[PDB]
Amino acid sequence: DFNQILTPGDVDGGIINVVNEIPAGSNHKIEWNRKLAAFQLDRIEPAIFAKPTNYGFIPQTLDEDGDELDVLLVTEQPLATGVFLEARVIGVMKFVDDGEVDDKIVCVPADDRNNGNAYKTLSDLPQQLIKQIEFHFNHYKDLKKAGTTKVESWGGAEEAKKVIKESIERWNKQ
């Protein structure tokens, strides 16, 4: 159970703990199930909508959807389901999904000796990668029903820190 052993980490310093759920490039919707302490394959997504980044969550946080706050974790090679890591916060994708706020914190591994910690801020990523992530989350439910998801904005690390802190308060309330 990750939400009892692991804390959110050093939110003020931008180094947080993240549990990975979905390897980049997978069209398997995998989710940590808090009740069972296990990873569940909710569904198979359309192959054209494979995840453009690794997809994870922050332990001991609560968003508007009742689940832990989501993480877009960018690496060169995909991460397996179920490993956790310390990750550097570099921004936030403000996002609405079916009427509920479901923001996603953008992260890289805190210690990345493959790119030498090259991504320290959101605009260090190629602009075209941001556009692809934006397109993915704007459209990944379109084959069921279009127009229910909306990437609202991209925020820096300080706005991401504020989002994480609010999600921490929700967890502490519950």
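When you see a residue number, it is the position in the sequence shown, counting from 1.
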Greater mean Cα temperature factor according to the PDB record, 35-43 or 124-132: 35-43
Going by the average Cα B-factor in the PDB entry, point out whether 57-65 or 109-117 comes out higher. 57-65
C-alpha B-factor winner, where the candidates are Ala160, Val11, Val18, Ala24: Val11
Test of reading the entry: by CA B factor among the chain's modelled residues, which third contains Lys145? highest
Taking only the Cα B-factors deposited for this chain, tell me whether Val96 sits in the lowest, middle or highest third. highest
